[PDB]
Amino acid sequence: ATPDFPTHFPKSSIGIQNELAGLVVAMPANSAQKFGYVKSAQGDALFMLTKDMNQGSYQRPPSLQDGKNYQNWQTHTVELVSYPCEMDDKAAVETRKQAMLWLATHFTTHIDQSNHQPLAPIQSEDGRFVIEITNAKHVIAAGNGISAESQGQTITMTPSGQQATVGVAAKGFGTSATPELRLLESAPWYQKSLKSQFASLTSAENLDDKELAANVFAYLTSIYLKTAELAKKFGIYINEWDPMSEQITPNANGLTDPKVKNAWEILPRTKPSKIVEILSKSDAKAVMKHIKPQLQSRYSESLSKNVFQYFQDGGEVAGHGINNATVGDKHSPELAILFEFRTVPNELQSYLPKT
């Protein structure tokens, strides 16, 4: 079984996603996404071997007929998904990049001499890296997996196939305390002016933590307003809001449509309603009560009510969120909130392997 991601980090954390070019994985229909993982010789899990983009049904080349059942098998692109590490852990970052580059060279040899065969659990020649196979029901094939023989491809990785996910303490969002926090706060959807705006609205209120409440208000309001903006732009059916009732033609399949996720640029990956836990019950109620008018002064009553209600009931920004991530002291863990960089910015390029 492929280990689940570790959830706790002392400070800011980072994960990388790297789509490979030059090959496909073929697996039975409705297989689990993970088919293996690469770990260090010391035992530390570095990255997962996953299927990503469906490339159509798999057909075993007739010249490679082996008496085996490949019925209803699907081909997919391969994505290498790192286990998260500490952002400032140079050794952990470098080992992940080197292990991905080694695996690409091992795949290059695999499609040359073992085309349309599963990957075997092996140790690298230098002894640094180990492949563990968790689903033996797969095959690796050059190109698009149609021909029996490769075109002598080198397995590569490119910025267009790359993403990074940064995890930070939820209490830090809006403080600009670290370079990672300043990078996240530069997201176009994040409206820092909402912090001082909240301060002006709540002068007569006796808040348990005014600075923390203003940070949470600005974070949540920015997300709610961006969601309403995107629903209107792409004609998204959010909760009970119908874009067609406001003469908007749908041009996305939902909040999880890749073009909608790209529009965020820095995509929140954690359920927004979780951040309410970092505040006192009293402070949370004061923050929540002030969000509704921010939507209603910019958007229709129906869109404002539907976006507010959706996130209040634990709705996700774009599908299944990473909601169990934590930061700080292992004994008294604090909420971590994660963000996907849809395109890797210059500041995070050093975390990504380069062919």
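When you see a residue number, it is the position in the sequence shown, counting from 1.
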So 326-334 or 43-51, which one's hotter by mean CA B-factor in the entry?
326-334
Comparing 135-143 with 204-212, which stretch shows the greater average C-alpha B-factor in the deposited entry?
204-212
Please work out which residue in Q59, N69, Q296, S302 has the highest C-alpha B-factor recorded for this crystal structure.
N69
Return the residue from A218, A228, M157, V166 that has the highest Cα B-factor in the entry.
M157
With respect to C-alpha B-factor, does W73 fall in the lowest, middle or highest third of the chain as deposited?
middle
Quick tally, chain-level thirds of C-alpha B-factors: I291 sits in the middle
For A91, the third of its chain by CA B-factor is the highest
Position of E19 among the chain's modelled residues by C-alpha B-factor, lowest, middle or highest third:
middle
The third of the chain into which the C-alpha temperature factor of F129 falls is the middle
